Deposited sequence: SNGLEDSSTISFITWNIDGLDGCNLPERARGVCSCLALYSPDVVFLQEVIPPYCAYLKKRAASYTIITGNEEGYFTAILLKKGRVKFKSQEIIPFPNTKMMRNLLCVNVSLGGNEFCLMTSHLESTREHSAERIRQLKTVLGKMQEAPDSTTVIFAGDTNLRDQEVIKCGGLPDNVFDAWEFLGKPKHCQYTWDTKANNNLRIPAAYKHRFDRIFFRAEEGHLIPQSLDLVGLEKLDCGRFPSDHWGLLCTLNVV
């Protein structure tokens, strides 16, 4: 009666120490052994690495132009049924919504990920993309459990500007009472991969789910351990979440 998953922007666009960082991401995958992994900022060579070092995950992608998202499904645990790609017609960064329908146990899921439009200056487009995601979450068949997990790039004000989440969609971190230990998934004071001398902190990485049949049990940051090469696996922390279906 459970699903566990990681969502993680793994910064494929950072060319520094990629082999070692991919190894570290694959270490987290082996150690935490989630059913599903949502990845953003993947690049082709990174896929090839996951194919050898996380071989028990099926990699589902849509378009692979430049950098992209992927959903990884644990073989034997998760059965793929179908995929759907929802475009963001006004994106300037090749962003979109990747949806995968799966079965895990006797439970049907619609798993979605995206990397929403980046940077402060593209707030209006990022908000339009969010609304597109939220609308698609609501369209899913009543019997299916919908989970979105991704790099939303959202900051102060924006979700409110959007009019807030609909009454049957919830943010897992909010649902769990806004625990302080995972309140930031991108934090330049704690993570120095970008060498930014300022301390800025954001909750860019978020999980939304439609529902009280679905109950988040835990949420934790992963990728917190600096690698021997002196770099974190990514500039983002990953999020590990377990949900119970009641």
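Comparing the deposited sequence with the modelled residues shows gaps at 1-7, 219-220, with numbering starting at 1.
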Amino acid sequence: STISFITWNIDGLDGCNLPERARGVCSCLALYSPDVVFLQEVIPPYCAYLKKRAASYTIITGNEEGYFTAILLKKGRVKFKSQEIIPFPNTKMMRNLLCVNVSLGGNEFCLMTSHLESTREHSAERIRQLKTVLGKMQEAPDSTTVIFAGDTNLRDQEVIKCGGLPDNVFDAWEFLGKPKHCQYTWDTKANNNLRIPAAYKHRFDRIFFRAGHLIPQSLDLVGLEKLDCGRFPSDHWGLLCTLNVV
From here on, numbers count along this sequence of modelled residues.
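Rigid core here is just the name for the largest C-alpha set that superposes within 1.5 Å across the two forms.
Fitting each structure in 6 other deposited structures of this protein onto the rigid core and averaging C-alpha distances over structures and residues, 60-68 emerges as the more displaced of 60-68 and 194-202. Taking the rigid core as the alignment reference, the C-alpha atoms of 151-159 lie farther on average from the displayed form in 6 other deposited structures of this protein than those of the other stretch among 94-102 and 151-159. Taking the PDB entry as given, 186-194 carries the higher mean Cα B factor of the two stretches 55-63 and 186-194. 19-27 and 221-229 differ in mean CA B-factor, and the higher of the two is recorded for 221-229. Set against one another, the Cα B-factors of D151, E174, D156, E117 in the record reach their highest point at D156. When the C-alpha B-factors of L72, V102, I160, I147 are ranked from the entry, the top spot goes to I160. For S1, the recorded CA temperature factor ranks within the highest third of the chain's modelled residues.
Ranked by C-alpha B-factor against the other modelled residues of its chain, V42 falls in the lowest third. Looking at the C-alpha B-factors along this chain, the one for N244 belongs to the highest third. In the deposited entry, the Cα temperature factor of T91 places it in the middle third of its chain's modelled residues.
In this PDB entry, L111 carries a Cα temperature factor that places it within the lowest third of its chain's modelled residues.
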